[PDB]
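Asks: Keeping their order, the protein sequence lines are chains Q, P, H, O, N, F and C. Okay, so the first sequence: first residue is 9 according to PDB author numbering, each after it adds one. Okay, so the second sequence: first residue is 2 according to PDB author numbering, each after it adds one. Okay, so the third sequence: first residue is 3 according to PDB author numbering, each after it adds one. Okay, so the fourth sequence: first residue is 5 according to PDB author numbering, each after it adds one. Okay, so the fifth sequence: first residue is 4 according to PDB author numbering, each after it adds one. Okay, so the sixth sequence: first residue is 3 according to PDB author numbering, each after it adds one. Okay, so the seventh sequence: first residue is 9 according to PDB author numbering, each after it adds one. We put the CB at the ideal spot given by N, CA and C, even for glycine.
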Amino acid sequence: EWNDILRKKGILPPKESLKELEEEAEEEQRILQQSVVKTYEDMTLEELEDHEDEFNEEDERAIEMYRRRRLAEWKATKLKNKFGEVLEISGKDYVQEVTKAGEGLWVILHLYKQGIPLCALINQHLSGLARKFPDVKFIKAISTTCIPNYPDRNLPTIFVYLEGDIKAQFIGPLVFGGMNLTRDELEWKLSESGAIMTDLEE
Amino acid sequence: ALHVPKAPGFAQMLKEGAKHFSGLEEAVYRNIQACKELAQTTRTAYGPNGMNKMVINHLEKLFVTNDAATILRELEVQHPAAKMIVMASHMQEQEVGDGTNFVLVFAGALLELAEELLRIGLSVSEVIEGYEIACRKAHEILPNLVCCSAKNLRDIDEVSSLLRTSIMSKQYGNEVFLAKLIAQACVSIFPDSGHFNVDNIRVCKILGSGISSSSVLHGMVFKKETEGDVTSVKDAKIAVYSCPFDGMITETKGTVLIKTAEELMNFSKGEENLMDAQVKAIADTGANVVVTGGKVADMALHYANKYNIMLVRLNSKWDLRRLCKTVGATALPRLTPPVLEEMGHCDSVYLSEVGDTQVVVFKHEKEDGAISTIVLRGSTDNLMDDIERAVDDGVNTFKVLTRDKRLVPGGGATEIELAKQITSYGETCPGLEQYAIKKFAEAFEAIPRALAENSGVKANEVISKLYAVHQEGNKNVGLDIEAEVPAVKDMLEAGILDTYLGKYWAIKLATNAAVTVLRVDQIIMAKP
Amino acid sequence: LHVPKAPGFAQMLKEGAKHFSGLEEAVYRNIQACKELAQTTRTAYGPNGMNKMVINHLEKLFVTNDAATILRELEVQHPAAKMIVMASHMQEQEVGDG
Amino acid sequence: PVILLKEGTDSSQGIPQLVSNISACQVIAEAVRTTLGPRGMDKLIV
Amino acid sequence: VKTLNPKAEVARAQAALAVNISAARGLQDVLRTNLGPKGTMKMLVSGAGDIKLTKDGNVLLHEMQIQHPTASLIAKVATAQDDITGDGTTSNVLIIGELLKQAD
Amino acid sequence: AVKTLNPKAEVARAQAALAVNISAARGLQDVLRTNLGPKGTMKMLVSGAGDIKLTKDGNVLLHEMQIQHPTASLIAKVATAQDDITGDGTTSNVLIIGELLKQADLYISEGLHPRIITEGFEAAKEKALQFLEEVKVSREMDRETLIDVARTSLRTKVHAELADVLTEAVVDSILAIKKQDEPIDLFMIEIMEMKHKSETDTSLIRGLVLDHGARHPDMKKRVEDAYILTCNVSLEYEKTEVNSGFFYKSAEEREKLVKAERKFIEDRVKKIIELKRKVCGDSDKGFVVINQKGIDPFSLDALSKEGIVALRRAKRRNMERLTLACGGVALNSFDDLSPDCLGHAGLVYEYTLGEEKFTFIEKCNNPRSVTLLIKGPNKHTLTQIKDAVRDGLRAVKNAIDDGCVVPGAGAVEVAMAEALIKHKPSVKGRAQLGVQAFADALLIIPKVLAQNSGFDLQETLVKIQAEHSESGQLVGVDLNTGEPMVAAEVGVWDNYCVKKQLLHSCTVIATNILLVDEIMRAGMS
Amino acid sequence: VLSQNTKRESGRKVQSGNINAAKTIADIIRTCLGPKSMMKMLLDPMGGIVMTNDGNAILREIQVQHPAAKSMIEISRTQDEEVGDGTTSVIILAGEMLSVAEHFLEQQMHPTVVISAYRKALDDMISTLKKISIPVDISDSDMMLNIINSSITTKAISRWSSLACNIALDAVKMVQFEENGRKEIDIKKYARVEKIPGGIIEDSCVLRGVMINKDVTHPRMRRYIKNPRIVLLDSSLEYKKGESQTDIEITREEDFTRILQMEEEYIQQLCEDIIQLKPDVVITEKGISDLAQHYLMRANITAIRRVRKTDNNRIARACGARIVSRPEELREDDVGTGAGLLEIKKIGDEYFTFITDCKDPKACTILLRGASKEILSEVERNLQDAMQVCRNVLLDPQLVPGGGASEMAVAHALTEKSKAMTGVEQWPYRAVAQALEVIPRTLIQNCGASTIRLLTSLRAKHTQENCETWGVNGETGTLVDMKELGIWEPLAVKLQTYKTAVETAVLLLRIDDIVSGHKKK
């Protein structure tokens with residue numbers, strides 16, 4: 009009564025506010041439910057192999073167009089699978105790959121001294137990663153011949169380079185310390201460098 | 002594929018602040034359950050085994066109330082049926098005063114039985130006449146149960162025992178002391194041909210020691226200190242005045258006009274001499290005190306000092322009226338001395354100290370007067386309030402006793418009597434109304450069950466014993482809740498009594514509230 | 003000063019649903035809108051046909067005296083306008099002038 | 005349905021309240037548990 | 004005609020007819036239950052927490068928070084009837100609404 | 003009630019449930035009575051994007067208006083199922099349901115718990131169903147029967163001149179069917195969508211038309227006589243499925259490996275052209291190869307070096323179409339080759355429509371697959387014509403299925419009305435009341451027709467009912483002057499089983515609507 | 009201390025809320041049983057539109073805040089899985105009998121004696137029900153159709169019962185089978201429910217064969233065969249990509265065309281191995297390349313692929329065939345026969361394979377021609393209930409009269425035994441006995457006719473014998489003998505209903521403390 013008369017006249021009490029927030033949130037919640045079916049035919053590339061449970065009609069215009077774009081995508085992605093073995097170049101050439109390493113290609117510049125299970129396990133993880141991402145340039149070597157008399161208490165130091173610009177750093181075991189460190193966590197860190205797009209729990 | 006809209010018609014017009022309920026299966030049942038729980042709220046305590054309920058109002062006054070009437074006055078409820086029931090209890094207390102919770106529990110039992118029967122499948126009318134027939138049967142049969150009648154209302158222990166029943170529903174530690182005090186107060190002013198009034202009794206609370214150091218006073222007491230240089234006078238002559246005590250100021254602008262020096266010279270002298278003449282004329286009546294309510298002038302006080310005159314100024318017109326009532330004086334519109342016939346005479350007036358609190362006291366040694374007040378000593382104000390309401394119950398008991406002397410024993414005997422006889426009568430009626438008769442009979446069996454519960458005693462044994470006794474031939478025997486074990490005894494020999502009129506008004510208002518509740522079929526609630 | 007809308011068709015619409023009925027709403031409105039659209043470009047395609055220019059959302063300038071392009075870039079909220087522009091487009095697919 | 009009383013009430017009962025009463029009193033006493041007696045202590049409140 | 008004043012309720016023939024019919028239907032159906040010595044008993048609550056028990060039609064009309072043209076006409080006519088005769092005013096609204104339903 | 007448990011629960015009582023259902027149905031019937039009949043209004047339904055479709059079809063009308071009511075949702079669902087099954091007079095369904103509920107409202111207005119009305123409606127439905135079984139007349143299908151059936155049932159959703167041209171085209175259409183096989187289904191006949199010209203140019207094609215043209219500027223634009231090679235063999239390049247690569251020491255080794263890569267397409271092409279020449283290619287004996295897979299430009303050039311005809315990527319149903327049009331046996335591998343697989347086409351050419359280039363095959367000796375071409379001013383008109391032809395072919399199938407045609411245009415339902423009135427003093431009780439209104443139920447059908455025509459309702463109605471009562475024949479409704487006159491004599495009928503299913507569904511949904519007692523929005527707590 | 013947002017309550021209010029919610033839920037689904045039933049509608053939280061009148065199928069569609077209502081929904085689904093019918097019955101019984109318990113709880117009672125009264129009460133009335141149990145032979149089809157019609161009498165699709173009921177029984181036998189000659193099995197998962205929109209109710213019936221919504225995989229195959237030869241494979245005919253990786257190093261002049269030749273030759277050899285035992289239809293859940301079909305066109309096989317796994321199970325059971333994984337293991341005993349008739353008919357605007365069995369089936373598939381998916385769902389649920397009760401009677405040949413008379417009969421029996429016993433629990437005992445007959449008053453309310461007089465006459469008639477069968481006629485709100493009306497319900501169903509309602513009551517009448525707002529750990 010009196011409060012709503014106040015409301016017509018004044019705004020001294022606030023009580024009619026904030027009832028639009030949950031309204032808009034629920035609107036968007038109902039809206040975002042059509043994204044599952046919007047791209048049902050626009051994601052899978054095996055739907056042709058999924059005959060008799062995916063076909064209702066074929067317009068042969070946008071769907072053959074989908075095959076065309078899909079095959080272009082496939083050829084573009086499989087023309088780049090050239091790697092998969094971490095390689096040991098020498099320090100003499102080092103200037104030629106710190107700089108002349110290709111523009112638009114990430115370089116995981118790994119430096120290490122073999123012998124500690126830290127460096128050994130890190131080398132194992134990156135070598136196994138090479139089996140998954142053959143589109144990434146891996147480099148392994150002895151830092152002593154890469155950097156003269158490099159402090160041996162600063163290994164293994166991960167370097168992320170492209171066009172001579174350091175984008176990501178992971179210096180020493182201070183960020184990799186522990187035998188509990190695993191495959192997916194390394195992949196997670198290199199994804200966080202901005203090179204890879206994947207998903208992990210933690 | 003969206004939410005259901007509103008139907009064209011009612012659903013487009015019942016305002017946002019307007020709500021509606023239709024059909025007893027969804028409308029009335031809400032009211033029935035609401036009233037049932039509301040009754041349950043106070044159903045926790047009454048009588049010999051009640052418990053105080055500290056409540057805080059929205060005005061932040063802490064009400065420590067066990068009086069169901071005072072409780073409901075403090076209670077703020079927004080259910081319309083609850084408003085019905087609470088007003089019913091209010092008028093009940095107006096007519097009688099004591100045990101307002103009895104009406105609450107009776108209405109609750111009636112309404113729950115009503116819900117039960119109407120859930121069985123009955124229609125409104127037939128069962129309405131069923132309750133009404135049972136009610137009029139009670140109307141005629143209850144007078145037959147009148148056991149005794151109070152006599153002469155004059156013997157002090159008689160009225161003491163009569164009122165200690167209603168007092169016993171209040172504070173339980175010792176009612177007989179309050180019984181003695183209330184009897185001493187009330188019997189002293191016993192009207193002969195007039196009418197006893199509650200204004201004929203005043204109250205004086207005083208913070209202090211235990212209640213045992215309290216008494217009654219035939220007269221009046223007030224929280225004032227006299228301006229008179231003398232304090233104690235015996236057999237003082239009282240000249241009550243209603244006019245302002247200064248020089249009487251004319252109602253129109255009065256202007257002094259001075260031309261020559263002598264006018265100024267004699268002005269103050271003649272003024273004070275005229276004032277002295279008036280006060281001397283007043284003194285010539287032989288007065289020993291002066292009472293006035295209006296603005297006072299100091300010159301009068303000095304003159305009174307010159308004559309050794311007690312001066313008192315009051316502040317309430319109620320005070321003047323009651324003082325004239327108790328002394329026989331008159332409200333004089335002029336300062337002129339009165340005649341012996343229109344003045345009040347008092348045995349002694351004092352400014353007596355009552356425990357590091359000083360009060361003006363008007364005491365009559367004959368202790369006849371017309372109005373008496375009670376001095377009260379308590380460690381807290383809330384104790385004052387509780388005892389004051391207990392005394393209110395006692396005095397209402399006495400005043401209705403003066404209007405009706407027939408007695409009914411309270412407690413539980415009469416309830417089982419009425420229930421049993423209504424059931425037996427219902428054994429003798431044909432048609433679709435006997436169920437209502439039986440339910441009406443079993444409505445007020447809550448009173449035994451309430452006494453059993455709030456005494457912390459099992460109720461099946463006591464109800465079985467009550468019915469066995471009532472079928473045996475004993476009709477005045479009710480519960481016993483002092484031994485704290487299932488047993489029964491006759492209320493008549495227990496001093497726990499009541500008046501037919503109180504119970505009569507209680508039941509009739511209870512059934513009126515019930516029938517008003519039941520007839521109603523549609524609900525439209527406005528905005529809170 | 004309180005009156006609701008009629009239950010029925012006016013009450014089964016969506017919140018954003020709009021409607022025009024009968025000769026009153028639908029007919030006069032679309033006729034007037036079409037007359038507006040015709041009068042807008044009624045000063046061209048002649049020996050003196052005066053060319054008119056327009057700026058698009060893509061911020062490209064266009065100075066045209068054949069209605070085809072200028073209408074095709076212009077957007078409307080009137081369905082009858084869509085009808086008339088599609089008629090012009092069909093003409094264009096047939097011949098493509100005037 | 006509709007609520008019985010006005011909004012903003014509180015209803016705690018039983019032994020809970022009884023205990024909850026006594027404890028409160030205790031607090032106050034221990035605030036002044038050293039004053040009386042010919043030893044005598046002094047407080048300060050601003 | 005929401006052009007001369009953009010904020011203005013304009014309803015055509017059938018719209019007005021339908022709203023009048025719906026209001027009349029609601030009113031008549033509500034008031035069916037309030038006549039005869041065996042009518043249903045109504046309880047009303049004012050804008051203060053005060054309760055009135057009525058069987059009168061005009062009381063019901065002027066206690067309902069109802070904001071409507073036809074309902075206003077009904078309230079005025081029943082007020083006049085209660086002023087002049089003041090009995091069985093229920094019959095007024097019942098007859099009017101029933102004729103409305105018929106002619107529909 | 004449960005609203006106590008869920009503060010966000012919307013509850014509508016039984017009376018409220020009926021009220022809201024009735025309001026919804028009344029709105030639906032009021033907007034739908036504008037549709038059916040050759041005089042029903044034609045509406046604009048436009049989406050937010052501006053997509054415009056102009057229709058007289060009740061179903062597409064339903065699915066492009068803004069609907070909100072769960073009861074209205076169920077109405078649309080059942081009407082859509084009816085349209086799926088036959089697709090004609092769909093408006094009649096919902097109008098019938100709505101007015102049945104209206105009469106039930108009129109009676110429930112006097113108490114009268116509705117289950118009695120439901121059972122009375124069931125009994126009256128049974129009696130009227132037997133009456134319909136009696137009244138229907140049988141005449142074996144022919145030119146006149148089917149042409150009039152199409153001409154009549156077509157106008158429920160489309161205008162007049164289109165109805166006439168469509169009737170002629172569909173008469174020419176259902177003739178490539180078997181004699182007694184019932185080979186008619188949508189899987190077998192195709193519709194062309196091409197925005198080319200006005201409506202006066204639409205026709206039909208016994209042969210097949212494909213939207214794919216020459217892949218290379220050496221192909222043949224027109225073949226006088228062609229032998230058809232439908233194939234399902236992968237001709238484009240493919241990868242070895244074990245991912246084999248090339249490892250060598252010399253660039254000429256790379257050359258040899260390239261030759262090794264190409265050899266397989268080479269010998270497939272060799273086999274195909276060898277079969278072509280062996281059958282014949284000389285002296286204007288065109289050869290056409292039909293594949294649904296890719297073709298390499300290498301294979302394209304290898305096959306086109308001699309000007310063969312071959313294309314790619316047609317609809318998968320076109321392979322059935324071609325098997326039953328050209329006659330040549332389909333194939334999936336060249337393990338077994340024989341000129342038996344060769345199809346035949348009596349004429350092949352091309353015509354490029356705008357950006358798109360079209361091929362046409364025709365002159366089929368025994369065509370079992372035919373296609374329909376329609377060209378209109380724009381998209382909305384072509385969608386409308388497509389829907390109209392779909393429903394018209396549905397009606398033609400329904401007619402040619404059975405050999406019983408019921409008269410149309412309002413006679414049969416007034417006949418049912420009078421017959422049910424006669425039977426009414428035998429229904430044993432107050433259900434007759436319902437049965438009464440139940441007869442009044444069918445009362446709407448010409449009434450709406452009378453309503454659409456602008457004639458005053460009651461006068462024409464009593465005229466029709468008196469005409470039927472005095473006689474025993476079936477008198478129809480005039481749509482030019484309103485004067486009662488029988489309709490079966492001008493070539494007016496309607497599908498028997500269609501009305502059977504209509505009455506079935508209408509009664510079932512009517513009792514389902516009337517039997518509701520509580521409307522909830524339980525959930526979202 | 010205790011965390012912030014955890015509220016903890018006790019006292020009478022918790023049981024008050026419990027009983028109030030119980031009676032509330034019981035007071036929302038009361039009017040749906042008996043012949044007089046009133047067809048409810050509801051909307052799913054998603055936004056769908058449904059309408060039903062049997063309890064749990066719709067009570068699953070409510071979200072609630074209070075715990076007791078979630079307990080109610082779990083009880084409802086327990087009854088749904090156990091008996092499939094009378095779902096509303098147990099709910100209303102629990103609600104009413106809890107309501108009875110409420111008043112008694114208010115009157116100084118403690119739950120220990122209450123639950124003891126339940127245990128003794130349920131024991132007594134179950135024993136009495138055993139006494140009044142009568143077995144009837146299950147070999148009569150007329151009996152089974154009578155019971156189906158009795159059950160469907162509560163359902164609105166009773167109109168077509170004359171045919172529809174029979175349909176039910178058919179499935180109950182034509183799926184019936186036993187493993188290795190024992191453990192008789194009647195699988196509803198083998199009774200796949202397919203519905204084709206459109207068509208009258210009558211055209212819907214069980215088919216002595218299997219139904220699948222598919223079609224031919226190539227135009228040039230025959231579209232009709234009288235007796236095809238049945239084989240089921242669970243491996244694709246397309247090249248299998250092995251397990252490891254090789255990356256063949258093509259070093260010599262040519263191996264690629266040789267690779268394709270070897271591939272097509274492997275396909276050829278496996279396809280010819282399949283053909284070796286000349287079939288007429290090959291069916292598989294896996295996809296197939298063109299080459300296998302081309303090779304099969306010499307053998308004129310039907311060549312159907314991509315079928316559902318449970319569909320494979322059902323078709324194998326009906327045909328009696330076996331399932332193979334390798335063309336090489338193909339042998340004689342696996343190829344089952346019994347395909348009495350095979351068709352690919354175009355129904356409406358969709359294709360459906362019509363295999364009709366000639367020999368004994370052990371699995372059924374249903375055609376359902378209707379008017380809408382919701383009505384078809386209704387009839388599907390009701391026929392599921394039909395076969396449920398049919399098989400229940402098959403397992404247990406017991407019956408007691410329907411119409412709720414046995415409720416009052418056992419109520420009187422418990423009344424007499426309460427007279428026999430001595431105690432104070434007799435009061436809640438007889439009280440819940442009175443709660444038992446909430447059903448007949450509900451039926452009368454559905455009828456809306458006179459209540460008290462018929463109730464009292466019924467009550468008087470059932471305190472003596474010879475009337476136990478006599479029950480309540482809901483057709484016209486009268487009282488008749490059930491020896492002739494026909495409503496008859498199996499013993500196990502009412503046993504389960506009684507047990508379920510009583511145990512739900514026992515569960516809801518022990519709580520004293522509620523704590524809310526804690527976190528999962």
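Mind checking which residues open and close the beta strand (DSSP E) that includes F/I292?
Replies: 288–293
Asks: Just checking my contact of F/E238 with F/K295 at CB under 8 Å: how many whole Å lie between their CB atoms?
Replies: 6 Å
Asks: Please go through the same chain and pick out, in chain order, the residues whose beta-carbon is closer than 8 Å to the beta-carbon of P/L118, but skip the five residues on each side of it.
Replies: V128, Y436, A437, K440
Asks: Based on DSSP bridge pairs, tell me the residues matched to F/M194.
Replies: F/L375
Asks: Taking Cβ to Cβ, would you say F/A332 is nearer than 9 Å to F/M321?
Replies: yes
Asks: Work out the CA separation of P/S373 and P/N201 for me, nearest whole Å.
Replies: 7 Å
Asks: Nearest chain F C-beta to Q/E66 closer than 9 Å, yes or no?
Replies: yes
Asks: Which residues in the same chain as Q/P164 place their Cβ atom closer than 6 Å to its Cβ, once the five residues preceding and following it in sequence are excluded?
Replies: Once the five neighbours on either side are set aside, the close Cβ partners of Q/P164 are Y120, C127, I130.
Asks: Terminal residues of the continuous beta strand (DSSP E) containing residue 1 of chain P?
Replies: Lying outside 2 to 529, the shown extent of chain P, residue 1 of chain P is not represented and no answer is given.
Asks: How about F/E12: is its C-beta nearer than 9 Å to some C-beta of chain P?
Replies: At a cut-off of 9 Å, the C-beta of F/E12 has a neighbouring C-beta in chain P.
Asks: Between the Cα of F/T242 and those of C/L349, C/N221, C/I256, spot the shortest distance and give me the residue it belongs to.
Replies: C/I256
Asks: Based on Cα-Cα distance, which residue from F/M526, F/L344, F/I515, F/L7 lies nearest to F/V80?
Replies: F/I515
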